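What follows is a set of notes on a single structure, which appears directly below.
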């Protein structure tokens with residue numbers, strides 16, 4: 001499902017598999033966030049498996065985007081897949097102490113921080129993806145490095 005009815009001479013345009021890995025990853029963020037409500041300890045790491053897999057699938061679609069496009073686009077994939085890379089690293093840290101003391105305040109606090117860093121995951125998975133949607137057309141729109 002690639003939309004190209006409007007845009008112009010460039011911009012972000014593809015809505016590639018990176019978005020479908022983000023369909024999976026982001027949906028987990030908000031949805032599972034409240035599924036820890038009925039069942040307090042998700043163990044969170046289990047969902048780390050769910051979103052980690054989705055955002056690594058994302059990273060691999062971005063990584064795969066690195067050698068599918070010319071040398072220029074390589075460095076947008078460099079920046080983007082690394083960015084959420086460390087973002088996912090904070091997601092898991094807050095996610096971590098939430099289940100550790102899921103018995104208490106951490107659970108609710110840390111998991112909110114979890115879906116906050118996962119809404120950061122969502123935000124930057126939007127952004128970084130937008131960066132490859134950017135990357136592909138911006139490197140074509142570029143004159144110097146291609």
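All of the numbers you see were taken from the coordinates with simple rules; none came from a lab. Virtual Cβ from ideal backbone geometry, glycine too; neighbours counted across all protein chains shown.
Suppose the filter is within 19 Å of the chain's Cα centre (by Cα), touching a residue at least 24 places away in the same chain (Cβ under 8 Å) and outside any helix (DSSP H, G or I); does residue 30 pass it? No, not satisfied. Filtering the range 104-114 to residues that are surrounded by fewer than 16 Cβ atoms within 10 Å (Cβ to Cβ) and either touching a residue at least 60 places away in the same chain (Cβ under 8 Å) or in contact with a helix residue (DSSP H, G or I) (Cβ under 9 Å, 6 or more places away or on another chain) (or both) leaves 108, 109, 112. When restricted to residues that are within 13 Å of the chain's Cα centre (by Cα) and surrounded by fewer than 21 Cβ atoms within 10 Å (Cβ to Cβ), the range 49-62 contains 6. The residues of the range 73-103 that are over 15 Å from the mean Cα position of the chain (by Cα), surrounded by 23 or more Cβ atoms within 10 Å (Cβ to Cβ) and within 21 Å of residue 59 (Cα to Cα), listed by number, are 73, 95.
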